[PDB]
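Residue-level structural notes
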Amino acid sequence: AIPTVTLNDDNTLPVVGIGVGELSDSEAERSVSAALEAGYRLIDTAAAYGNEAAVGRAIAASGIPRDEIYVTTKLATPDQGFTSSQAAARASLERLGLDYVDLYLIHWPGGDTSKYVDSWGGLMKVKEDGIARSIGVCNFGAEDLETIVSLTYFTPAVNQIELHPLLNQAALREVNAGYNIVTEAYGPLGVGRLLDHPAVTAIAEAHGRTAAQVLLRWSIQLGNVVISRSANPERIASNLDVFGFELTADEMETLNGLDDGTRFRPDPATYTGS
Ligand SMILES: Nc1ncnc2c1ncn2[C@@H]1O[C@H](COP(=O)(O)OP(=O)(O)OC[C@H]2OC[C@H](O)[C@@H]2O)[C@@H](O)[C@H]1OP(=O)(O)O
């Protein structure tokens, strides 16, 4: 019953998915299996997390037709390059045990414009070859976006960015929308630190819902595709259950008022890792 968004290349994605981040092989397989059983279809991993094969095993064992599942993975920063990115996409497929992925992203700008531009050209070939249905970016700022769009005339389908009430990304969301790029929010609970924020708990108590439900619903109402995570099968199911209520404009405004620039994940302006 999950709503979808339509991308600029005519493909569609669910508005909520599960990301595994740096979970160990065993934990990654466990959470993806639980998510699929609960009804998640958008699954997000990365080569840099080292757990692609584990995710692939959860998918293989699920008994769900491949066509119904939306798999995202990412180009690790050390693998950037025109030729190297095409090889890295194919290596990711081998690890995942898949013939294609649905979304393939540059993981970080990585602090070298030549290299991320070349990586983008590589990704365009990856898409042309049918290796990835859609291509996009993660943690790109407005200047990085202008650079790839200016030089290649090919616009990312998605820009996956850290986003939560302490870092609401209003400015970058507006840039994304102007280019017809979908915003994918990650880290929506702020490593769980936001679950006890008093503004969040007041709104949860007002609705008879949980803090986590409030944080995820707020992000959905901004128009984002929302990537969440839990290692617990019941909480995973609870994180999908965010279509039974709506936050009011007053409550949206309160949560929109909390931005203070807090990043729990690295800053892409500086970060040169993956
Ligand atoms: N429903 C619910 N209720 C109570 N506690 C919960 C719930 N869901 C998750 N959690 C907990 O919140 C904490 C934050 O987890 P995290 O995966 O970093 O979450 P983020 O949102 O910061 O980032 C997720 C990102 O990791 C990678 C990917 O990019 C994701 O966007 C963690 O201790 C979880 O414990 P638990 O025991 O696992 O449930």
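Keep in mind that residues are numbered from 1 along each chain as the sequence reads, not by the entry's scheme, and that residues without coordinates are left out. To get the side-chain values, take all heavy atoms of the structure and skip hydrogens and water.

Per the PDB entry, the protein carries the name ALDO-KETO REDUCTASE and comes from Mycobacterium smegmatis. According to the record, the entry carries the title "Crystal structure of a mycobacterium aldo-keto reductase in its apo and liganded form". UniProt positions are given in the numbering used here, feature names are shortened, and annotations may be inferred rather than shown by experiment. The protein has a UniProt comment under Function (literature references left out) that states "Catalyzes the NADPH-dependent reduction of dicarbonyls. Exhibits narrow substrate specificity, with preferential activity against the dicarbonyl substrates phenylglyoxal and methylglyoxal. Exhibits weak activity with ethyl-2-methyl acetoacetate. Cannot use NADH. May play an important role in the detoxification of methylglyoxal." Its UniProt record, at the heading Subunit, says of the protein: "Monomer."

Feature annotation in UniProt places "binding site: NADPH" on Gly187, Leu189, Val191, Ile227, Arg229, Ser230, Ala231, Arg235, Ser238, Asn239 and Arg265, given in this structure's numbering. Spanning 79 residues, the annotated positions stay apart in the fold, the maximum distance between their C-alpha atoms being 23.9 Å. Annotated residues from the preceding list that form part of the lining of the largest pocket: these are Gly187, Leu189, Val191, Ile227, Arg229, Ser230 and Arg265. In this description a helix means any DSSP run of H or I spanning at least four residues, a strand means any run of E spanning at least two, and both kinds are numbered starting from the N terminus. Examined against the element boundaries, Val191 turns out to sit in the loop between β9 (182-186) and α7 (198-207). For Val191, the residues in contact, after removing those within four places along its chain, are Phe264 and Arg265. Classification of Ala231 as partly exposed rests on a relative accessible area of 35%. We call two residues contacting when some pair of their heavy atoms lies within 4.5 Å. The residues contacting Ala231, other than those within four sequence positions of it, are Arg30, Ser31 and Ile236. Buriedness of a pocket was judged along seven lines, with at least five required to meet protein on both sides within 12 Å; pockets are open sets of points on a 1 Å grid over the protein atoms alone, cavities are sets where a 1.4 Å probe fits but cannot get out, and lining residues have an atom within 4 Å of a point. Think of it in three bands: with a 1.4 Å probe and only protein chains considered, a residue is buried below 20% of the maximum accessible area for its type, exposed above 50%, and partly exposed in between.

The next subject is the pattern of salt bridges. Put simply, a salt bridge is a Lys or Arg side-chain nitrogen that is within 4 Å of an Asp or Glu carboxyl oxygen. A complete count under the given rule lists 9 salt bridges for this structure. The salt bridge partner of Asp267 is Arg263, with a shortest N-O separation of 4.0 Å. Given the relative accessible area of 34%, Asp267 is considered partly exposed.

Structurally, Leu216 can be placed in helix α8 (residues 211-221). Residue classification places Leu216 among the buried positions, given a relative accessible area of 3%. For the pair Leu216 and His164, spaced 52 residues apart in sequence, the C-alpha separation works out to 8.8 Å. Beyond its immediate chain neighbours, meaning those up to four positions away, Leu216 contacts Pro188, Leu189, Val226, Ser228, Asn239 and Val242.

Below, the discussion takes up the environment of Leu258. Structurally, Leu258 can be placed in the segment after α10 (249-256). Sequence spacing of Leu258 and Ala199 is 59 residues, and the spatial spacing of their C-alpha atoms is 8.8 Å.

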